[PDB]
Amino acid sequence: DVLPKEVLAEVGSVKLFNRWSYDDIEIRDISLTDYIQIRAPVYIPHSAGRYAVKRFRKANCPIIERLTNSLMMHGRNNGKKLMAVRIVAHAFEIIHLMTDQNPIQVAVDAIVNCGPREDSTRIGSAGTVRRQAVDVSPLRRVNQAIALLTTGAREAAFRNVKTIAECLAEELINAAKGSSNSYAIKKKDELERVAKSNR
Amino acid sequence: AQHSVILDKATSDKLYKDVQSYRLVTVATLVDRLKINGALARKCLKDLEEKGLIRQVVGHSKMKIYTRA
Amino acid sequence: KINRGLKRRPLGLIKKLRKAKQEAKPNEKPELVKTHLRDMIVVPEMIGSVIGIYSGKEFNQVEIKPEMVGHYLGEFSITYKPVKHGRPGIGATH
Amino acid sequence: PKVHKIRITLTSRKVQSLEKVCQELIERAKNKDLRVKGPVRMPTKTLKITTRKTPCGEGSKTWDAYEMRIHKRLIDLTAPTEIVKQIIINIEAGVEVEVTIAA
Amino acid sequence: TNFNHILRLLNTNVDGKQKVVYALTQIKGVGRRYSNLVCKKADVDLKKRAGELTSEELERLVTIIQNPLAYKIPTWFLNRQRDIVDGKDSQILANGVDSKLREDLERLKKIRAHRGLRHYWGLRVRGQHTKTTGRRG
Amino acid sequence: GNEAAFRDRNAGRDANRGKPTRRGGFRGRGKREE
Amino acid sequence: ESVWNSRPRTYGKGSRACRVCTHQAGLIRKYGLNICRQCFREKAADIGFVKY
Amino acid sequence: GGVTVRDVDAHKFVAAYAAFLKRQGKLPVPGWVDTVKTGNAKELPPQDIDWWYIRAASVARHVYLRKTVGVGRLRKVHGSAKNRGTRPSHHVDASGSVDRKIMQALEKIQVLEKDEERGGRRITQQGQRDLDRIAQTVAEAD
RNA sequence: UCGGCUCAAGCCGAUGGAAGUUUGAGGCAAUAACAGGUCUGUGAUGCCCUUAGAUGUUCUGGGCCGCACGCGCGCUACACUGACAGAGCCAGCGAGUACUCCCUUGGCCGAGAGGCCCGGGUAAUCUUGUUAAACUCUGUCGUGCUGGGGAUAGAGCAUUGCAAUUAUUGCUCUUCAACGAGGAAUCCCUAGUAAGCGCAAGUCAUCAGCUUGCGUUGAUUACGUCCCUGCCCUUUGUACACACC
Ligand SMILES: [Zn+2]
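Rules behind the numbers
- Residues numbered from 1 in each chain as written, not as in the entry; some residues may be left out.
- Chains lettered and ligands numbered in written order.
- Part of a larger assembly, values for the part shown.
- Heavy atoms only, no water.
- Helix = DSSP H or I, 4+ residues; strand = E, 2+ residues; numbered from the N terminus.
- Buried < 20%, exposed > 50% of the residue type's maximum accessible area, 1.4 Å probe, protein only.
- Contact = heavy atoms within 4.5 Å.
- Buried area = accessible area lost by both parts, 1.4 Å probe.
- Salt bridge = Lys/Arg side-chain N within 4 Å of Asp/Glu carboxyl O.
- Polar contact = N/O pair within 3.5 Å; in protein donor to acceptor, adjacent residues only side chain to side chain.
- Near = heavy atom within 4 Å.
- Nonpolar A, V, L, I, M, F, W, Y, C, P; charged D, E, K, R; others polar.
- Axes fitted to C-alpha atoms, helices over the stretch in contact; angles between N-to-C directions.
- Left-handed = near helix turned anticlockwise from the far one by under 90°.

Asker: Describe the overall build of chain H, listing the residues and the values that go with them.
Answerer: The secondary structure content of chain H amounts to five helices and four strands. In chain H, the succession of α and β elements from N to C terminus is α-α-α-β-β-α-β-β-α. Once the C-alpha set of chain H is aligned to its principal axes, its extents read approximately 55 × 40 × 30 Å. Of all 142 residues assigned to chain H, the portion counted as buried reaches 26%.

Asker: Outline the arrangement of the chains, listing residues and values.
Answerer: No other pair of the seven pairs of chains in contact has as many contacts as chains D and G. Nowhere do chain A and chain H come into contact; their C-alpha atoms are at least 12 Å apart.

Asker: So what's going on with the interface of chain G and chain D? Residues and values would help.
Answerer: A common measure of how large an interface is: the accessible area buried when the components associate. Across the contact, 13 residues belong to chain G and 14 residues belong to chain D. In terms of surface lost to chain D, no three residues of chain G exceed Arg 37, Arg 41 and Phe 49 of chain G, which account for 39% of the buried area on that side. Applying the counting rule to chain G against chain D returns zero salt bridges. For the pair chain G and chain D, the number of links is five residue pairs in polar contact. Of all the secondary structure elements, the ones that give two or more residues to the side of chain G that touches chain D are α1 (37-47) and β1 (50-51) of chain G.

Asker: Just give me the short version of the protein's contact with RNA strand I, but keep the residues and values in it.
Answerer: The immediate surroundings of RNA strand I are formed by 158 residues, with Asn 143 of chain A, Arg 33 of chain E, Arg 16 and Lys 51 of chain G together with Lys 82 of chain H found nearest. Among the atoms of RNA strand I lying within 4 Å of the protein, the sugar-phosphate backbone contributes 68%. Between a phosphate oxygen of RNA strand I and a side-chain N or O atom of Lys 81 of chain A, the distance comes to 2.8 Å. With respect to RNA strand I, the side chain of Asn 40 of chain H contributes an N or O atom lying 2.7 Å from a sugar or linking oxygen. Of the residues forming the surface near RNA strand I, the biggest block, six residues, is contributed by helix α3 (residues 71-78) of chain H. Residues that form the surface near RNA strand I fall into these classes: 39 nonpolar, 60 polar and 59 charged.

Asker: Which residues make up the packing of helix α1 (residues 10-24) of chain H against helix α5 (residues 125-141) of chain H, and what values go with them?
Answerer: All names here are of chain H. At a minimum axis distance of 10 Å, the contact between α1 and α5 shows a crossing angle of 115°. Handedness of the crossing formed by α1 with α5: right-handed. Contact with α1, carried on its side by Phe 13, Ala 16, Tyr 17 and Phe 20, involves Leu 131, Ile 134, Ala 135 and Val 138 of α5 and no other residues of that element. A class-by-class count of the residues in the contact of α1 with α5 yields eight nonpolar, no polar and no charged.

Written out as structure tokens, the structure is:
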């Protein structure tokens, strides 16, 4: 009886974060594989990895830690991912209870849709824009998506009686399809539109 | 900019009308959709729980979440 | 302040006040005493005299009233003249 | 010839000089077939002082940190009374020594 | 239906939809915790709002306020002494604070004390630097 | 003195608030004899 | 007549000074040195103090 | 199997023991209650009316788990930070008389004894056995 | 050690390994200059000046803090990723008493600040496991400048000190200002780093919003370029060489 009696069913099953097995992940598109890593799972994102030491060592990392790190910002939330890991796991339950689908399915398909493909870079034109509408790499896609996603949740929940958990929850489910009521997708769509102009 | 601290008849029968049809219930949703105070929401939460119409998922000092029975 | 002992300077000035009060003739105001010290609490026993307290440059004399028992004598002679001010100089331009 | 279980302590600024003194002292004693409990070495204490370099204050502000270190390395022994005077001879310079009978 | 969302004690309205202990804090001269002490000793349900109450409990509430020392409250917890050379204690309330505030000014004014001069002119009385501090307003 | 200062109603905080308030041809250092 | 420097001087600053300057500013009190911080680094090697 | 105090949830033990101790109903109250600030750093009295009894469990438990304890050490264990306003915060310890007299009363009811040997107070055999019983009950109820 | 570039010096990437950016961080540091700073560190020092109504030394009181207003380094906040009430509970660097009064445990009195009586330690032995803060669990409050915020002031109680008024600081009760993420501008920073949070030492009888050090939690983005702002090397021009002052 060294281990808690209640949490015993998992042992006869493949490794998972109790409530959700990572098995049977989406089949929707390509070009973001090799850059989202789930093939080696983890229970909790609180792993003290040395991803920063090299260029692409942070490319081999479960997406679950990425979300937790991105959520903590703005001075007060510096190094306190415990709340962050709390919210993400709890928010998973909300969307699972609000929709029969797997919450990892909710997070993955949203982030693969909310990334731009072309953008614009400010080369010197003596005060004007020679903006050639350059392309974007798949790695930067997820980097900007996660960053802008988490910012959308906090700004919405700010100065409101709603809390971030369900606010973040609503953000993911609206981004599943073209709801247009999501911070991410609204700003995402304009980016190509201004880029398409200077094409 | 005030939420009625006391529950009236009009809110009561609306409550027992729809709360068996919601998918999720929270403190926020009650204060938002039903124009009720947060204090009464926690009071309503505990009373409707014991009568057995919503099921608890997790309990904690900050957020309580319940679904259908 | 009174629980601790009182040194030569308090006793010295009190005997000056005592001498003035005894030699004063009724229907007249007692003579004036000038001092530099400014750290004596006001005592009801010390009523009926006129004291010229030093204000850092000059001696200022004030008649003592009874209801001020809970202050010092220094608190009754200002050190600095109030600032009327003037016209801004060649500064404050950057 | 009643033993008293003495203890002898040493102090110095150097490290290598003191340390070789400690080994030779233990072997000089041991040659006459006396029992000895080994070299209990006390911890080294480090003390620092930081001060400003400039004497006036213009320019950037820069500090420097001087240091000094101290060692103890005391020794104990079980022996009769006056053999200590013959044995504690031939010490170095600067090195201080204090003897505690610990009776 | 006894929900009366307005109350009137000592010439000032107070709200009723808030909690009982915090409503008394609205009155000048009493704080959030001083209210707690006296509202605890009157044996009133602290868990309910200030609107669902009635007159009789209110009577004991206000009664404590005027004479504190008679109802087993210490002296150091109070906020008034030495109104004169031979003085007594007190517990000043909404309009007595302004009245006793004024009084102090002409007392110090007529005595011609340094503090009065600062109050007269209107500068900082307690010693603090002013040459760059809060001079705009 | 101190008593007189109280009577000396000349200029106060409100009075102070009420009261209201070249080309050189030389180069960077050439100016003056500095 | 000998009351000119009567006032006690065993309390606070001014009752102590550097062994070489009698300069009462920035004086060191750690470890019982009582020497100016300025004069220090000129006799530091003699006292025995080496930087690292 | 056999259990002891160290085999139960912390916050459960204090709540479980608080309920039992009040049902027995034998300990002095010096009247300090209703007028205490809980410490020089805190602002309002605790909310729960029965806070004073609850506290009893917490202090009894640690004296079992420590070699020796005294009145002064509880001050600095129970303290916390104080919002001095716009200046930065520090660490300040709790009230001394409150902790002193409460454990005076506690030891009069045969739970611990004085230690003039070295200082402080250690728990006594009967007191040690008492805590185990309440802890044991929790295990099966779980 | 390997696998692809490559004449080579090397660079990158995988494996092994505690460690593969010079393994991480510092100390010292060339030829030669500046009318850079310091005469207020020195019984280091030239000249000038003052010297007994002293610019020598000493005692009393004050001021350097006085305020319509412009500028710089910092501290607290604008809240729910929060405030408030209980409880669970984890460090490191350092410091400490002789002619003086240091670090202080324990017992007793005291709402609180404080007070009295034995005692330990000149120290890996006693203070000290420095039970620090942040943090974690259970509740109250609930979008309202409200229980977020703590400027301004009144009353009272103590401590340091010869002396607290222009409040030293602390404690007790009341009073409840501006401030909803801040224009034109502009700073610091590449991994146990920024940032958050506290602790020790320095000055010190008391006073830290300051500096020098210590630990806890712990990330987004890059492995680059000369577009802006600095600097050095080459080519070039000179009627300058005290050298564009
Ligand atoms: Zn010197």
